[PDB]
Structure formats: structure tokens, C-alpha cells
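Okay, data-v4.cif is below, mmCIF, C-alpha atoms and all ligand atoms:
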```
data_input
#
loop_
_atom_site.group_PDB
_atom_site.id
_atom_site.type_symbol
_atom_site.label_atom_id
_atom_site.label_comp_id
_atom_site.auth_asym_id
_atom_site.auth_seq_id
_atom_site.Cartn_x
_atom_site.Cartn_y
_atom_site.Cartn_z
ATOM 1 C CA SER A 5 0.000 0.000 0.000
ATOM 2 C CA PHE A 6 0.886 3.710 -0.580
ATOM 3 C CA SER A 7 2.583 5.576 2.343
ATOM 4 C CA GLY A 8 3.562 9.171 3.139
ATOM 5 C CA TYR A 9 0.973 10.734 0.807
ATOM 6 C CA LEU A 10 -0.697 14.070 1.554
ATOM 7 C CA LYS A 11 -4.465 13.919 0.906
ATOM 8 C CA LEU A 12 -5.605 16.728 -1.493
ATOM 9 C CA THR A 13 -9.224 15.634 -2.138
ATOM 10 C CA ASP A 14 -11.517 12.591 -1.566
ATOM 11 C CA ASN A 15 -9.558 10.649 -4.260
ATOM 12 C CA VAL A 16 -6.340 12.564 -5.101
ATOM 13 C CA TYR A 17 -3.123 12.052 -3.045
ATOM 14 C CA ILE A 18 0.378 13.570 -3.542
ATOM 15 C CA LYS A 19 3.955 12.765 -2.492
ATOM 16 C CA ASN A 20 7.470 14.106 -3.240
ATOM 17 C CA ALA A 21 8.970 10.924 -4.677
ATOM 18 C CA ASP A 22 10.703 9.361 -7.665
ATOM 19 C CA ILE A 23 7.902 7.454 -9.446
ATOM 20 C CA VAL A 24 10.416 4.654 -10.340
ATOM 21 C CA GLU A 25 11.366 4.186 -6.657
ATOM 22 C CA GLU A 26 7.712 4.446 -5.658
ATOM 23 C CA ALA A 27 6.748 1.782 -8.287
ATOM 24 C CA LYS A 28 9.501 -0.618 -7.106
ATOM 25 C CA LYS A 29 8.396 -0.140 -3.465
ATOM 26 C CA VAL A 30 4.641 -0.514 -3.866
ATOM 27 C CA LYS A 31 4.429 -2.608 -7.059
ATOM 28 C CA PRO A 32 0.949 -1.102 -7.715
ATOM 29 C CA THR A 33 -1.691 -2.589 -10.028
ATOM 30 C CA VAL A 34 -1.206 0.370 -12.418
ATOM 31 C CA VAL A 35 1.716 2.745 -12.924
ATOM 32 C CA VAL A 36 1.007 5.595 -15.392
ATOM 33 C CA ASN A 37 3.688 6.483 -17.934
ATOM 34 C CA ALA A 38 3.998 10.016 -19.376
ATOM 35 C CA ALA A 39 4.044 8.616 -22.951
ATOM 36 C CA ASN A 40 4.268 10.141 -26.461
ATOM 37 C CA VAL A 41 2.181 8.860 -29.462
ATOM 38 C CA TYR A 42 5.091 6.700 -30.692
ATOM 39 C CA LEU A 43 5.806 5.109 -27.251
ATOM 40 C CA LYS A 44 9.480 6.230 -27.637
ATOM 41 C CA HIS A 45 10.552 6.317 -23.945
ATOM 42 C CA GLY A 46 13.570 8.584 -24.332
ATOM 43 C CA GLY A 47 13.481 10.996 -21.426
ATOM 44 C CA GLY A 48 11.513 12.356 -18.462
ATOM 45 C CA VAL A 49 9.238 9.871 -16.669
ATOM 46 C CA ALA A 50 9.154 7.586 -19.776
ATOM 47 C CA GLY A 51 12.919 7.303 -20.110
ATOM 48 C CA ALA A 52 13.259 6.690 -16.369
ATOM 49 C CA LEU A 53 10.484 3.997 -16.263
ATOM 50 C CA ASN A 54 11.922 2.311 -19.384
ATOM 51 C CA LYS A 55 15.504 2.300 -17.964
ATOM 52 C CA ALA A 56 14.161 0.630 -14.723
ATOM 53 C CA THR A 57 12.671 -2.211 -16.891
ATOM 54 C CA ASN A 58 16.163 -2.722 -18.563
ATOM 55 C CA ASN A 59 14.546 -1.573 -21.877
ATOM 56 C CA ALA A 60 11.850 -4.342 -21.774
ATOM 57 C CA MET A 61 9.153 -1.596 -21.815
ATOM 58 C CA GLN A 62 10.665 -0.194 -25.085
ATOM 59 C CA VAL A 63 10.851 -3.636 -26.784
ATOM 60 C CA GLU A 64 7.207 -4.345 -25.864
ATOM 61 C CA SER A 65 6.167 -0.801 -26.957
ATOM 62 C CA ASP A 66 7.843 -1.110 -30.401
ATOM 63 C CA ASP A 67 5.941 -4.375 -31.032
ATOM 64 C CA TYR A 68 2.696 -2.598 -29.937
ATOM 65 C CA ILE A 69 3.371 0.311 -32.356
ATOM 66 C CA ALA A 70 4.340 -2.082 -35.201
ATOM 67 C CA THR A 71 0.938 -3.814 -34.827
ATOM 68 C CA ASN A 72 -1.382 -0.893 -33.911
ATOM 69 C CA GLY A 73 0.228 2.328 -35.097
ATOM 70 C CA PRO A 74 0.666 5.418 -32.933
ATOM 71 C CA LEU A 75 -1.642 6.493 -30.116
ATOM 72 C CA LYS A 76 -3.670 9.736 -30.247
ATOM 73 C CA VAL A 77 -2.659 12.761 -28.107
ATOM 74 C CA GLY A 78 -5.106 12.415 -25.156
ATOM 75 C CA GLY A 79 -5.267 8.631 -25.619
ATOM 76 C CA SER A 80 -3.750 5.632 -23.862
ATOM 77 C CA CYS A 81 -2.932 1.928 -23.993
ATOM 78 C CA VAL A 82 -2.473 -0.721 -21.280
ATOM 79 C CA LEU A 83 0.784 -2.693 -21.523
ATOM 80 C CA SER A 84 2.823 -4.765 -19.001
ATOM 81 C CA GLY A 85 4.104 -3.111 -15.857
ATOM 82 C CA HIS A 86 7.237 -5.356 -16.025
ATOM 83 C CA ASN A 87 9.190 -5.132 -12.665
ATOM 84 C CA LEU A 88 7.375 -1.873 -11.690
ATOM 85 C CA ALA A 89 3.646 -2.690 -11.596
ATOM 86 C CA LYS A 90 1.070 -5.306 -12.792
ATOM 87 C CA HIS A 91 0.272 -2.958 -15.737
ATOM 88 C CA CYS A 92 1.570 0.289 -17.203
ATOM 89 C CA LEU A 93 -1.072 2.699 -18.494
ATOM 90 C CA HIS A 94 0.791 4.711 -21.184
ATOM 91 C CA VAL A 95 -1.092 8.061 -21.317
ATOM 92 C CA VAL A 96 -0.294 10.741 -23.934
ATOM 93 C CA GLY A 97 -0.729 14.244 -22.536
ATOM 94 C CA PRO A 98 -0.360 17.242 -24.920
ATOM 95 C CA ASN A 99 3.250 18.348 -25.357
ATOM 96 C CA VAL A 100 3.181 22.184 -25.189
ATOM 97 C CA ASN A 101 6.757 22.243 -26.694
ATOM 98 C CA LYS A 102 5.248 20.596 -29.879
ATOM 99 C CA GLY A 103 2.288 23.089 -30.167
ATOM 100 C CA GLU A 104 -0.260 20.434 -28.987
ATOM 101 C CA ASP A 105 -3.669 21.659 -27.679
ATOM 102 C CA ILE A 106 -3.523 22.072 -23.815
ATOM 103 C CA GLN A 107 -7.341 21.373 -23.944
ATOM 104 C CA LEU A 108 -6.392 17.676 -24.601
ATOM 105 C CA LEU A 109 -5.063 17.388 -21.002
ATOM 106 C CA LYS A 110 -8.603 16.712 -19.676
ATOM 107 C CA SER A 111 -9.056 13.906 -22.267
ATOM 108 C CA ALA A 112 -5.665 12.452 -21.194
ATOM 109 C CA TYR A 113 -6.729 12.405 -17.499
ATOM 110 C CA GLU A 114 -10.063 10.727 -18.408
ATOM 111 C CA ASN A 115 -8.027 7.565 -19.171
ATOM 112 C CA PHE A 116 -7.317 7.263 -15.370
ATOM 113 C CA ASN A 117 -11.096 6.728 -14.712
ATOM 114 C CA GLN A 118 -10.877 3.203 -16.233
ATOM 115 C CA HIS A 119 -8.641 2.086 -13.280
ATOM 116 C CA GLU A 120 -9.684 1.916 -9.584
ATOM 117 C CA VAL A 121 -6.292 2.956 -8.249
ATOM 118 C CA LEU A 122 -3.167 4.295 -9.983
ATOM 119 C CA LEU A 123 0.369 5.531 -9.208
ATOM 120 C CA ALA A 124 0.928 8.475 -11.620
ATOM 121 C CA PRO A 125 2.961 11.518 -12.606
ATOM 122 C CA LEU A 126 1.317 14.928 -13.386
ATOM 123 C CA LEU A 127 0.408 14.680 -17.110
ATOM 124 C CA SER A 128 2.018 17.194 -19.521
ATOM 125 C CA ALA A 129 4.333 18.431 -16.691
ATOM 126 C CA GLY A 130 8.200 18.392 -16.914
ATOM 127 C CA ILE A 131 9.641 18.114 -20.418
ATOM 128 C CA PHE A 132 6.045 18.169 -21.859
ATOM 129 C CA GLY A 133 6.018 21.946 -21.105
ATOM 130 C CA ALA A 134 2.646 22.550 -19.400
ATOM 131 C CA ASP A 135 2.204 24.360 -16.045
ATOM 132 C CA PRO A 136 2.246 21.657 -13.294
ATOM 133 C CA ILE A 137 -0.220 23.727 -11.160
ATOM 134 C CA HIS A 138 -2.702 23.605 -14.095
ATOM 135 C CA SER A 139 -2.091 19.821 -14.554
ATOM 136 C CA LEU A 140 -2.914 19.181 -10.847
ATOM 137 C CA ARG A 141 -6.139 21.264 -11.162
ATOM 138 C CA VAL A 142 -7.250 19.269 -14.278
ATOM 139 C CA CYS A 143 -6.341 16.039 -12.446
ATOM 140 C CA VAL A 144 -8.517 16.744 -9.377
ATOM 141 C CA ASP A 145 -11.407 18.072 -11.579
ATOM 142 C CA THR A 146 -11.307 15.083 -14.028
ATOM 143 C CA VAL A 147 -10.129 11.938 -12.189
ATOM 144 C CA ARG A 148 -12.776 10.245 -9.978
ATOM 145 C CA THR A 149 -10.720 7.088 -9.230
ATOM 146 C CA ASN A 150 -7.938 6.893 -6.566
ATOM 147 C CA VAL A 151 -4.796 8.595 -7.941
ATOM 148 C CA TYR A 152 -1.461 8.708 -6.042
ATOM 149 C CA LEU A 153 0.662 11.426 -7.628
ATOM 150 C CA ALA A 154 4.465 11.228 -7.423
ATOM 151 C CA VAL A 155 6.214 14.647 -7.908
ATOM 152 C CA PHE A 156 9.966 14.235 -8.394
ATOM 153 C CA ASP A 157 11.009 17.872 -7.707
ATOM 154 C CA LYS A 158 10.731 18.928 -3.927
ATOM 155 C CA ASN A 159 10.500 22.643 -4.765
ATOM 156 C CA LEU A 160 7.633 21.958 -7.260
ATOM 157 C CA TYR A 161 5.924 19.578 -4.748
ATOM 158 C CA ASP A 162 5.972 22.396 -2.103
ATOM 159 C CA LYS A 163 4.644 24.928 -4.630
ATOM 160 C CA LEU A 164 1.831 22.496 -5.673
ATOM 161 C CA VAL A 165 0.732 21.790 -2.034
ATOM 162 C CA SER A 166 1.000 25.444 -0.848
ATOM 163 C CA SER A 167 -0.973 26.817 -3.857
ATOM 164 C CA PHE A 168 -3.768 24.199 -3.980
HETATM 165 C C1 LIG B 201 9.593 16.123 -13.536
HETATM 166 S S1 LIG B 201 8.347 14.901 -13.382
HETATM 167 O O1 LIG B 201 7.264 15.251 -14.250
HETATM 168 O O2 LIG B 201 8.077 14.690 -11.993
HETATM 169 N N1 LIG B 201 8.982 13.525 -13.976
HETATM 170 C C2 LIG B 201 10.239 12.904 -13.695
HETATM 171 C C3 LIG B 201 10.374 12.066 -12.595
HETATM 172 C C4 LIG B 201 11.520 11.308 -12.432
HETATM 173 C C5 LIG B 201 12.554 11.378 -13.356
HETATM 174 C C6 LIG B 201 13.796 10.563 -13.195
HETATM 175 N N2 LIG B 201 13.822 9.665 -12.223
HETATM 176 O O3 LIG B 201 14.740 10.736 -13.972
HETATM 177 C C7 LIG B 201 12.417 12.222 -14.450
HETATM 178 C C8 LIG B 201 11.274 12.982 -14.619
#
```
Go ahead and render the structure in this file as C-alpha cells.
Ligand SMILES: CS(=O)(=O)Nc1ccc(C(N)=O)cc1
Amino acid sequence: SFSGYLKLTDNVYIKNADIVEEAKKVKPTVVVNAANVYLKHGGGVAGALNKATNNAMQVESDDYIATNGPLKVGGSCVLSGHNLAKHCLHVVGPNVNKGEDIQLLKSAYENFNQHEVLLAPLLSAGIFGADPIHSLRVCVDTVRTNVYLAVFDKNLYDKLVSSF
């Protein structure tokens, strides 16, 4: 079970933690990946989750893309969680540094509603370029299931909690 989380709402929890370390500790049913449409896990949360699976997440993802083609921005797919979780829900939030519509962030969070409980990062935050305060607001206003948010950066975590 999840420990050390600060309760924000009835169903949204938050902790200053490395999502990879959190995944290895809890081994949740679902870990959310901050994915791109091609499932190319190069950097940010995706690169870090993929490196923890010894690249097994990338090999599985390339086979998925070869069969199904790319995901949509705002969409998702369920793949193996490997050594991190039972499953990994690869969710594509809009990448602001690629001109993608920030309005698609609500659609991306709607994917979380298909899972009772999830360990997740803030969608479109970090190298995706969106404001993390805005991502947290869309998360609490869109997700109805139990979401345990891992925020890597302490300074950002403090800013998110203090401004909520
Ligand atoms: C900034 S974030 O959106 O919280 N996502 C990250 C979390 C962890 C790591 C890592 N372990 O390298 C990278 C990015």
C-alpha cells in the first residue's frame, strides 16, 4: 500500500517521490507512464520507467506500435508493468513544446477513470512543457478514481501543495 501521501481531495493524493522508486516499493496494479504517441521512452518519466525495466518496456512498446500504429494525443494503452507494476497505463498528454492543444489534457486524465487505483505523474508536466499547477487542477477536476501522484522535484511539490 501507498505511504507518506498528503491527501488533497476525496480521491487525489500527492507525495514528493521518484515514481520509479515508488513503483519498485509498492508494485501497484497500475503505474502511469507520461508517454508520447510513438511510445518512444527517451526521457523524463518515460525514459526513467523504461531504464528501470532494462529496456523491456521499449521492446514491448515497439511491437505494440508495429501492430497498432501510434496512439492519439489524449489517448492511452495498457501494456505490461514489467518489474514496476502489474500494468503500465501509457497516457499521452499534450506536449506544449510541440504546439499540442492544452485542452487535450482533460481527455488524457479521463483515461485514469478506467482504473480503480493508480500511481501516476502529473500529465504534460516536466519536459512536456505545461504548467504543473494547471495539470494538478485538471487532475482533481477530471479523475474520480484513486490517484497517487508522485512529484519528483521537492520545490515543485511544495509549490503544488501550498498553492492548492
Ligand atoms: C519532472 S516529473 O514530471 O516529476 N517527472 C520525472 C520524474 C523522475 C525522473 C527521473 N527519475 O529521472 C524524471 C522525470
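When all atoms listed in the file are used to compute distances to residue A:53, the closest of the residues A:81, A:23, A:30, A:165 turns out to be A:23.
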Take the PyMOL selection byres (((chain A and resi 93) around 7) and not hetatm), run it mentally on this structure, and tell me the resulting residues as a PyMOL selection string. chain A and resi 34-37+80-83+91-92+94-95
For stretch 9-21 of chain A, what centre and edge lengths in Å (one decimal) does the axis-aligned box get once 4 Å is added on each side of all its listed atoms, as JSON?
```
{"center_x": -1.3, "center_y": 13.7, "center_z": -1.8, "size_x": 28.5, "size_y": 14.1, "size_z": 14.7}
```
The PyMOL selection byres (((not hetatm)) within 12 of (chain B and resi 201)) on the file shown: which residues, as a PDB file with C-alpha atoms, keeping the file's coordinate frame?
```pdb
ATOM      1  CA  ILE A  18       0.378  13.570  -3.542  1.00  0.00           C
ATOM      2  CA  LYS A  19       3.955  12.765  -2.492  1.00  0.00           C
ATOM      3  CA  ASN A  20       7.470  14.106  -3.240  1.00  0.00           C
ATOM      4  CA  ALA A  21       8.970  10.924  -4.677  1.00  0.00           C
ATOM      5  CA  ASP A  22      10.703   9.361  -7.665  1.00  0.00           C
ATOM      6  CA  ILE A  23       7.902   7.454  -9.446  1.00  0.00           C
ATOM      7  CA  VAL A  24      10.416   4.654 -10.340  1.00  0.00           C
ATOM      8  CA  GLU A  25      11.366   4.186  -6.657  1.00  0.00           C
ATOM      9  CA  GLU A  26       7.712   4.446  -5.658  1.00  0.00           C
ATOM     10  CA  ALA A  27       6.748   1.782  -8.287  1.00  0.00           C
ATOM     11  CA  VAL A  36       1.007   5.595 -15.392  1.00  0.00           C
ATOM     12  CA  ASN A  37       3.688   6.483 -17.934  1.00  0.00           C
ATOM     13  CA  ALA A  38       3.998  10.016 -19.376  1.00  0.00           C
ATOM     14  CA  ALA A  39       4.044   8.616 -22.951  1.00  0.00           C
ATOM     15  CA  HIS A  45      10.552   6.317 -23.945  1.00  0.00           C
ATOM     16  CA  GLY A  46      13.570   8.584 -24.332  1.00  0.00           C
ATOM     17  CA  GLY A  47      13.481  10.996 -21.426  1.00  0.00           C
ATOM     18  CA  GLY A  48      11.513  12.356 -18.462  1.00  0.00           C
ATOM     19  CA  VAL A  49       9.238   9.871 -16.669  1.00  0.00           C
ATOM     20  CA  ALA A  50       9.154   7.586 -19.776  1.00  0.00           C
ATOM     21  CA  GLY A  51      12.919   7.303 -20.110  1.00  0.00           C
ATOM     22  CA  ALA A  52      13.259   6.690 -16.369  1.00  0.00           C
ATOM     23  CA  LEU A  53      10.484   3.997 -16.263  1.00  0.00           C
ATOM     24  CA  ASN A  54      11.922   2.311 -19.384  1.00  0.00           C
ATOM     25  CA  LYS A  55      15.504   2.300 -17.964  1.00  0.00           C
ATOM     26  CA  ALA A  56      14.161   0.630 -14.723  1.00  0.00           C
ATOM     27  CA  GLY A  97      -0.729  14.244 -22.536  1.00  0.00           C
ATOM     28  CA  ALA A 124       0.928   8.475 -11.620  1.00  0.00           C
ATOM     29  CA  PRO A 125       2.961  11.518 -12.606  1.00  0.00           C
ATOM     30  CA  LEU A 126       1.317  14.928 -13.386  1.00  0.00           C
ATOM     31  CA  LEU A 127       0.408  14.680 -17.110  1.00  0.00           C
ATOM     32  CA  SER A 128       2.018  17.194 -19.521  1.00  0.00           C
ATOM     33  CA  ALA A 129       4.333  18.431 -16.691  1.00  0.00           C
ATOM     34  CA  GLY A 130       8.200  18.392 -16.914  1.00  0.00           C
ATOM     35  CA  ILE A 131       9.641  18.114 -20.418  1.00  0.00           C
ATOM     36  CA  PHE A 132       6.045  18.169 -21.859  1.00  0.00           C
ATOM     37  CA  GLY A 133       6.018  21.946 -21.105  1.00  0.00           C
ATOM     38  CA  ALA A 134       2.646  22.550 -19.400  1.00  0.00           C
ATOM     39  CA  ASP A 135       2.204  24.360 -16.045  1.00  0.00           C
ATOM     40  CA  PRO A 136       2.246  21.657 -13.294  1.00  0.00           C
ATOM     41  CA  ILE A 137      -0.220  23.727 -11.160  1.00  0.00           C
ATOM     42  CA  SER A 139      -2.091  19.821 -14.554  1.00  0.00           C
ATOM     43  CA  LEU A 140      -2.914  19.181 -10.847  1.00  0.00           C
ATOM     44  CA  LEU A 153       0.662  11.426  -7.628  1.00  0.00           C
ATOM     45  CA  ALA A 154       4.465  11.228  -7.423  1.00  0.00           C
ATOM     46  CA  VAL A 155       6.214  14.647  -7.908  1.00  0.00           C
ATOM     47  CA  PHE A 156       9.966  14.235  -8.394  1.00  0.00           C
ATOM     48  CA  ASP A 157      11.009  17.872  -7.707  1.00  0.00           C
ATOM     49  CA  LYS A 158      10.731  18.928  -3.927  1.00  0.00           C
ATOM     50  CA  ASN A 159      10.500  22.643  -4.765  1.00  0.00           C
ATOM     51  CA  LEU A 160       7.633  21.958  -7.260  1.00  0.00           C
ATOM     52  CA  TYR A 161       5.924  19.578  -4.748  1.00  0.00           C
ATOM     53  CA  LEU A 164       1.831  22.496  -5.673  1.00  0.00           C
TER      54      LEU A 164
END
```
For atom CA of residue A:118 and atom CA of residue A:88, determine how far apart the two atoms are, in Å to one decimal place. 19.5 Å
Using only C-alpha atoms, which of A:119, A:90, A:31, A:76 sits nearest residue A:149? A:119
The residues within 10 Å of (-2.0, 19.7, -26.4), using all atoms listed in the file and the coordinates of the file, should be reported as a ChimeraX atom specification; which are they? /A:77-78,96-110,112,128,132-134
Show me, as a ChimeraX atom specification, the residues that have an atom within 10 Å of residue A:144 when counting only C-alpha atoms, minus same-chain residues fewer than 2 positions from it. /A:12-17,113,139-142,146-149,151
